[PDB]
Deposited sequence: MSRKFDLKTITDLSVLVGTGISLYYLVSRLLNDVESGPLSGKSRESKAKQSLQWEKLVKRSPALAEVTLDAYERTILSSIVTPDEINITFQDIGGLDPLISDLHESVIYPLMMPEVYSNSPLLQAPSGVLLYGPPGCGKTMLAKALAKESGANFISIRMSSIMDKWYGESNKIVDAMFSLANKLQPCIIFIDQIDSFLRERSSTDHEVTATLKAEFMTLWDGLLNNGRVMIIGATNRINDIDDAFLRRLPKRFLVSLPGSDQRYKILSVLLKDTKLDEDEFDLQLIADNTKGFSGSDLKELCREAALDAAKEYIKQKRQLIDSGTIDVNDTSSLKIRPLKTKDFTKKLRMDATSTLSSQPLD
């Protein structure tokens, strides 16, 4: 995979130019394959000002996740003020957890590692355990680090005697590198999941800072609608967004995203017609109302 070597070299050079301290460090081959899956902030478009309706959760995320990890000499006064061993983002679908991860890669200066199953599980015997060990060793090398397993429930499923051999030893490798004897040096394991119940009890044990990114309430739906509708031109009087926010009974954040898109199209209908035959309509209450059936 020549694209994988290009990605490894690109991600490496970028990692050594933002943090010059990592130059003297070399890697094994599996560590380089893990380096192929490192997300830097410049390729992510979501910030905290792009996340709405979660401000207390953003502040808690800061005060107990980023600052205890990113600035240790600030917290060096007490030995029990340091970063968690792992963070779990769990909740109903479409409430922000993926953008929480995106803005964690954006604001927090930790070398962010977002890896998936395709880069962990391998065909050959014992390669995937070595991939996990290389992942954690790389995280120890990149001392401020966040290892992200998106959709982490599948990876941390209820262990059973009917599991596949490699899967079981892979889970044991992962847990050991998480809370084993050679403890990770300032390495955080941030995970996003939709079903917390499918996670094994030991895995959840060592994933101890867990945030309920729940369905948005009236305030949260208001802040989300407003956050989504930026860079679009609204209406002065014929538009009341408050009722619309509350009218969406139990709608998640992405359900709002889709309804906002569909209404943006329904308001720009004349723009579609004009550029089909060759001034967006102020986004007022008509489109949202005719769509969502209050």
Margin query: In sequence order, which parts of the deposited sequence are missing C-alpha coordinates?
Written below: 1-42, 321-334, 351-362
